[PDB]
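Just the one chain here, laid out as structure tokens, in the form described as "closed state" in its entry title.
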């Protein structure tokens, strides 16, 4: 007997790590778990095709932001039973619990697997040579921009590249998500969507959201981000940070784990950046401090022929032992709140900064139409980045683009 599991590349050897994670389960149940690894870029298509076609695995990893969308298609097995065996609502951060179902659904359709949230990695050697105190740079928007200005005027050169660093790297080219943009929207007092007595609408074109978006996009128009970096997706920006090409960038806690892994095994431990690595939270904006809080859950397709055995695997993957071990293998945080207390997370100095930054963590609402909203937002945000690359992003042009994005988003939400 066999379970099929789909997962995304959460660890450097995603298939091998997952297999090693489920080995005790395989031994004890006398079952094989076959895993297929999907790139995040193809995962949405593969999972929605399994949903519509009725062909796919027993279990899939689902980004937290996708749970609502796939759940609304009516294809997921209820897992209230698994969540009750794992300790129920009390055992989860309420922000994590809200990702176990479509907003306002009767039944849970996803088991929390891991959490991740966003902060700034920074080069400790570069900030020092620029005369930047990270406690000032990462306090406030004004401290953030003043730090980038000292980084731009720095005479520091990476000891391996023999070249200057860019103050900030952020991806322009593949905006697959709003995750990079959301903290800036939120810190201005904005939102991506807003509910008015029931109905959801875009707030991307609200004065507050436009203020946050303009603040962030204009850092790049001011010369703090190289034009190069707007050519690049997330994976290429990570590589540029690892190769010593920039002083600061936003990512999740997986980069700490990759930094202690040799290059031979998919890490960057021998690079200067890994040996001079700091983490600081997103700076507070004029209306508050927020960061993107997400992660992945696991779900069971209602066409599975092995629902009992698959629920046993969900309970195992959701539980204390597998929660600590998978978070170690990935550099993610446990989804299970109790597991955060494991000394191996609490005593990691860079990871403790992610753990404290979770006080300000913020999630998207769990909407049926979420896939559509994110897809439409990034399409329009992509065009704003195109204006940045040409030095032509004005507040008027940004507003014009988010007015169009909001019409597209509202039309999709009315369905």
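Positions refer to the first chain, counted from 1. The term rigid core refers to the maximal set of C-alpha atoms that superpose within 1.5 Å between the two forms.
One more form of this protein should be noted, the form described as "open state" in its entry title, which is absent from this view; the next part is about it.
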Query raised in the report: Pick from 230, 148, 332, 75: whose Cα moves by 2 Å or more between the shown form and the other one, rigid core superposed?
Result: 75
Requested in this report: Verify the C-alpha shift of residue 349 between the shown form and the other one: is it 2 Å or more after superposing the core?
Outcome: no
Report task. Spell out whether the Cα of residue 22 moves at least 2 Å between the shown form and the other one when the two forms are superposed on their rigid core. Result -> yes
**Report entry** Exceeds or equals 2 Å, Cα of residue 301 between the shown form and the other one, core fit
**Finding:** yes
Query raised in the report: Do the C-alpha atoms of residue 46 and residue 379 sit closer or farther apart in that other deposited form than they do here, given a shift of 3 Å or more?
Result: farther
Requested in this report: Compare the CA separation of residue 42 and residue 379 in that other deposited form with the one in the displayed structure, and answer closer or farther (the difference is at least 3 Å).
Outcome: farther
